[PDB]
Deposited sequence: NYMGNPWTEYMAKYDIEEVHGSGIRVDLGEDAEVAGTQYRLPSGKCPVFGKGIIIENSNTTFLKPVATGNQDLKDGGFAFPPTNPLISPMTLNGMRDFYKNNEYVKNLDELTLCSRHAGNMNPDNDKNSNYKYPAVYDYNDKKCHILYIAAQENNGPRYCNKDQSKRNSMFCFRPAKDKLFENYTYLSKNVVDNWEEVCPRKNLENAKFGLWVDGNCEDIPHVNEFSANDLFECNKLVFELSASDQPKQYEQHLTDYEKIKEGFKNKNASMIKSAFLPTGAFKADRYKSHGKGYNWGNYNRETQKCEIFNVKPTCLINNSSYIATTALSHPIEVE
């Protein structure tokens, strides 16, 4: 039998995330008669942000009230975005089902609390939580790539950012990946033994960060590169074994089912934080 089953559950990204990672647009929702694409991943995406080309405006800046505006909610009364963690807990202090949620889930629910159809609609905005200043940013624009030209990426500037869809589960800490696995190599459990991934796509990478960056670029995407049939439902090159000695990022698109002990390797995924190890 496979003793890795329970442990490896969080790396069945297709099952626990269930949507795009690089570009998450796994659901649709109607607003005033018109259908719109929507992020719907169940796991947070650590280190993911949006790079705005040509323009010098960062994407956490409020949307234009176009090149001078970002992706986030404009000022409101009362100010709902951006809102600190303590601000959110205070805002929902009378709601016992919400006030004690973890910062990422709370941020997801907070953004999902704002109904644009002012009838009930299913449209809930995605959100970014910035661990740096503990702020939740509600994203007014759900788009993630257009090549107003922009694209998603892991980046040093985005390492404390966390991209959150409306479906972020409240137990992501338990069932979703975050940290990279040090001295460990993803593998496939076969006949009572953990075997290597039989086929991988080798990309050179200077460090773990650059490997995680590459895995993200090649990961599940709900929108074809260079701009429903487009839904990945979590399928893609979501995993990577990084050999830190040979500086090889070994990227593959089948779920791992066990770990191999190897001090030359670090196990990463597209969802995982680009720095943190355990």
**Message:** Taking the deposited sequence as numbered from 1, list the residue ranges that were left without C-alpha coordinates.
**Reply:** 1 to 3, 69 to 72, 126, 156 to 170, 251 to 284
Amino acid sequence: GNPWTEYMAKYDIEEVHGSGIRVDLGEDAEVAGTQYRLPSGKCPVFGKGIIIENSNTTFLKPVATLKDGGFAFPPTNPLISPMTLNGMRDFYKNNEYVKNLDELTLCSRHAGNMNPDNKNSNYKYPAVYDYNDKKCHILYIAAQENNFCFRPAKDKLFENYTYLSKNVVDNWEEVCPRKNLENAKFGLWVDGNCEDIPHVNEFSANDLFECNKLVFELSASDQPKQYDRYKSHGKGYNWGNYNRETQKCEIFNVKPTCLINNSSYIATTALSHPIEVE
From here on, numbers count along this sequence of modelled residues.
**Message:** Quick check on residue 58: across the other compared entries (only those modelling residues on both sides), is it unmodelled in a third or more?
**Reply:** no
**Request:** Determine, among the other compared PDB entries that model residues flanking residue 32, whether at least a third leave it unmodelled.
**Result:** yes
**Prompt:** Higher mean Cα B-factor in the deposited model: 17 to 25 or 266 to 274?
**Reply:** 17 to 25
**Request:** On mean C-alpha B-factor from the PDB entry, just flag whether 187 to 195 or 171 to 179 is the higher one.
**Result:** 187 to 195
**Message:** For the CA B factor values reported in this entry, which option in 105, 77, 100, 144 has the top one?
**Reply:** 77
**Prompt:** If you compare 227, 242, 239, 46, which has the highest Cα B-factor in the entry?
**Reply:** 227
**Message:** Ranking the modelled residues of this chain by C-alpha B-factor as given in the entry, is residue 217 in the lowest, middle or highest third?
**Reply:** middle
**Fill in**
The third of the chain into which the C-alpha temperature factor of residue 40 falls is the lowest
**Request:** Using the B-factors in the PDB entry, rank residue 235's C-alpha atom against the chain and give the third, lowest, middle or highest.
**Result:** middle
**Prompt:** Among the modelled residues of its chain, does the C-alpha B-factor of residue 130 lie in the lowest, middle or highest third?
**Reply:** lowest
**Prompt:** Is the Cα B-factor recorded for residue 160 in the lowest, middle or highest third of its chain?
**Reply:** lowest
